Amino acid sequence: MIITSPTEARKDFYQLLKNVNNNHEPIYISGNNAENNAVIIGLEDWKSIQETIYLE
Amino acid sequence: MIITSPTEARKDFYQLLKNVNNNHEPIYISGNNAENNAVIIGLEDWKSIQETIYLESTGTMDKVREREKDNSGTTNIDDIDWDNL
Amino acid sequence: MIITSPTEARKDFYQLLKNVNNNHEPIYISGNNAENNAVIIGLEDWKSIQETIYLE
Amino acid sequence: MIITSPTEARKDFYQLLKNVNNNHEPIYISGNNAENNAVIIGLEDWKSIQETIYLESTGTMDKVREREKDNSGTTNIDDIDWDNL
Amino acid sequence: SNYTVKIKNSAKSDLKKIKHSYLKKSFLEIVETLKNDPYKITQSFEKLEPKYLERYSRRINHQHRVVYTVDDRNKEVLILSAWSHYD
Amino acid sequence: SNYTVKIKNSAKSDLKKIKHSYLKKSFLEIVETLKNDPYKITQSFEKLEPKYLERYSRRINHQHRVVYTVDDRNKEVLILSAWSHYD
């Protein structure tokens, strides 16, 4: 599980984008408040997740 | 949909993190190499997503959707005979 | 999903113990040294996890 | 098995996080109440556990254990014809 | 502030597994919360996706959820699942 | 440096779900890593518990895994599951 701060995520940004798609594991971005908390997920993994949630 | 490049997302990254959480909408990150495309989601919205996919993958949501449509009726929870179970 | 630092985890230590047991969700501790990261989990949840893995 | 009170865990907290990762040995926090009973585990050790629990909860490990035991033989992965699927 | 809490009859078999896995006390705490405020931010309360269907979950433990809906007009909670494993 | 990768024939039904869900490309990227180094720390490679049974997993995506064991003696990877949704 990869957990990084907003500042370190900003710095390592381009490597995080390929790791997320290669490892199929989201990057957790955690800071000192709720406006700084997010996850980065690969577009294709995210589309599969969108399929699982919007079935026929 | 909000779409931005990896370069522009990296610059305004603190504002991006604020926006996904305030507006409850994902930001899409699209570059020249579509291999590295990604999505940024507020953590709270992500948790609801994670919870849903967990319950889907266990078969729970399939069972929940069937039970919504069956005609089995309901029982008040205080009427459950726990000793009999 | 609380993701906190080791310092803030020590500060709010007793509330975090309550939260992990009432929410049945782990608290993630991520510090500047990424490999001293850790997880706090309620004891009863932990035991149910262990018996699921080690049951004959 | 390391058992310590919530007070002594809080006092040595920074060192406990180090020991739980170096020794790969969980630390049990046991206090006067149930709400203050917990376990501290190193993050990478937790991820193996978390991943295993997911495969157990989806029923995947049951099918893994079933298929390990059966007599169905093994087809080489390069011999699989996806068009006959 | 009372809500009425009902369970689908087809979900009653979930309660049998709750009882024999010693999860009854945790399930009844969720019920008591559902009677007071089914939207309270406790018990890892989650709004399930798609959110327009307005299904919710609370954690009995790390593995099992109470999945339910809420009739806000009649103040009735309907439990649709209390066991998140296939058997 | 090179391994034989096989799959239990009772697990080939997973491959049809992998195909119909458009995950065949991600699955055979895992197969290529299994052919070369089944212990490479990529694709969220994890050692499953209990670790004395030496079962491993790799992510096809966020939901589905390849579960497998490795015969280090004969340099052979045995895929036991390629679908992690209860069906």
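- Per the deposition metadata, X-ray crystallography was the technique used to determine this entry, at a resolution of 2.25 Å.

### Brief notes about the packing of aromatic side chains
Moving on, step 1. Summed over the entire model, instances satisfying the criterion amount to 15 aromatic pairs over all chains.
Moving on, step 2. Taken together, a centroid distance of 5.2 Å and an interplanar angle of 65 degrees make the contact between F13(A) and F13(B) edge-to-face. You can see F13(A) sitting in helix α2 (residues 13-23) and its partner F13(B) sitting in helix α2 (residues 13-23), one on each of two chains. Residue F13(A) shares its accessibility class with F13(B), and that shared class is buried.
Moving on, step 3. Among the aromatic side chains, those forming a connected cluster through ring pairs are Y39(E), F45(E), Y56(E) and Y68(E).

### Points about the relation of the copies chain A and chain C
Moving on, step 1. Each copy superposes on the other: chain A lies on chain C with an RMSD of 0.9 Å after a rotation of 179 degrees and an axial shift of 0.1 Å. Considering both components of the superposition, the chain copies are consistent with a two-fold axis.

### A short note on the pattern of salt bridges
For side chains of opposite charge, pairing can occur when their charged atoms come near one another.
Moving on, step 1. A full pass over the atoms with the stated rule returns 30 salt bridges over all chains.
Moving on, step 2. Residue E32(F) pairs with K35(F) through a salt bridge whose shortest N-O separation is 3.6 Å. Here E32(F) and its partner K35(F) are both found in helix α2 (residues 24-36), three residues apart, which amounts to about one turn of the helix.
Moving on, step 3. One salt-bridge network, in which partners are shared between bridges, spans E25(A), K47(D) and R59(F).

### A word on helix α1 (residues 12-20) of chain E
Moving on, step 1. For α1(E), the set of buried residues is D14(E), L15(E) and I18(E). Down the axis of α1(E), the smallest arc covering the buried residues is 100 degrees, so these residues share one side.
Moving on, step 2. Contact partners of the buried residues in α1(E): α4 (60-69) of chain B together with β1 (4-8), α2 (24-36) and β5 (76-81) of chain E.
Moving on, step 3. Positive phi appears at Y22(E), one or two residues downstream of α1(E), with a value of about 60 degrees.

### Focus: a nonpolar patch on the surface
Moving on, step 1. A contiguous nonpolar patch, built from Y54(A), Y52(E) and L53(E) and spanning about 370 Å² of accessible area, is present on the exposed surface.
Moving on, step 2. With respect to the helices, strands and loops of the structure, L53(E) is situated in the loop between β2 (46-47) and β3 (56-59).
Moving on, step 3. For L53(E), a relative accessible area of 36% puts it in the partly exposed group.

### Notes on the interface of chain A and chain C
Moving on, step 1. Of the residues lining the interface, four residues belong to chain A; the matching set on chain C comes to four residues.
Moving on, step 2. Both sides of the chain A and chain C interface together cover about 440 Å² of buried area, and 70% of this is carbon and sulfur.
Moving on, step 3. The tally of links between chain A and chain C comes to zero salt bridges.
Moving on, step 4. Where chain A meets chain C, there are one residue pair in polar contact.
Moving on, step 5. A breakdown of the residues in the side of chain A that touches chain C according to their chemical character gives three nonpolar, one polar and no charged.

### A short note on the side chain of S84(E)
Moving on, step 1. Relative to the helices and strands, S84(E) resides in the segment after β5.
Moving on, step 2. On the basis of relative accessible area, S84(E) is assigned to the buried category, the value being 0%.
Moving on, step 3. If sequence neighbours within four positions are ignored, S84(E) has contacts with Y54(B), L55(B), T58(B), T60(B), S57(D), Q63(E), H64(E) and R65(E).

How each quantity is defined
- Residues numbered from 1 in each chain as written, not as in the entry; some residues may be left out.
- Chains lettered and ligands numbered in written order.
- Heavy atoms only, no water.
- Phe/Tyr/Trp six-rings, centres within 6.5 Å; stacked < 30°, edge-to-face > 60°.
- Helix = DSSP H or I, 4+ residues; strand = E, 2+ residues; numbered from the N terminus.
- Buried < 20%, exposed > 50% of the residue type's maximum accessible area, 1.4 Å probe, protein only.
- Least-squares fit on C-alpha atoms.
- Salt bridge = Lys/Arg side-chain N within 4 Å of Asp/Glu carboxyl O.
- Arc of directions from axis to C-beta.
- Contact = heavy atoms within 4.5 Å.
- Patch = residues over 30% accessible without salt bridge, like charges linked within 9 Å, V, L, I, M, F, W, Y side chains within 5 Å.
- Areas by Shrake-Rupley, 256 points an atom, 1.4 Å probe, with all protein chains shown as cover.
- Buried area = accessible area lost by both parts, 1.4 Å probe.
- Polar contact = N/O pair within 3.5 Å; in protein donor to acceptor, adjacent residues only side chain to side chain.
- Nonpolar A, V, L, I, M, F, W, Y, C, P; charged D, E, K, R; others polar.

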